[PDB]
Amino acid sequence: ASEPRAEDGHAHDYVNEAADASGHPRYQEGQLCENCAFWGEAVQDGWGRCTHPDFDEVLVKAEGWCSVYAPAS
Ligand code: SF4
């Protein structure tokens with residue numbers, strides 16, 4: 001539905017700014033939700049869907065990141 005914008009730390013060590021998570025060892029450079037293997041599509045104003053149950057709950061910032069990130073490679 002009209003899922004609300006994800007909070008920083010909604011779940012899974014998520015950040016709204018990918019760069020915030022530089023502190024997180026698994027935050028490799030330039031990993032963004034937009035380039036996550038579990039990305040859905042962009043919905044509005046730099047937010048889009050993350051296609052996992054404990055995630056799609058909220059609309060994630062395309063520029064965000066989380067621990068469940070897997071590279072689309
Ligand atoms: S799995 Fe994480 S990094 Fe990937 S799109 Fe979802 S919230 Fe973003």
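Where a number appears in this text, it was derived from the coordinates with a stated rule and is not lab data. All Cβ positions, even for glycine, are placed from backbone atoms using ideal geometry, and neighbour counts span all protein chains on display.
How many residues does region 10-43 contain that are within 11 Å of the ligand (Cβ to nearest atom), part of a loop (DSSP other than H, G, I, E, B) and among the small types (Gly, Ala, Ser)? Qualifying residue count for the region: 2. Scanning region 26-41 for residues that are among the hydrophobic types (A, V, I, L, M, F, W, C) and under 15 Å from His52 (Cβ atoms) gives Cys33, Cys36, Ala37, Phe38, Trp39.
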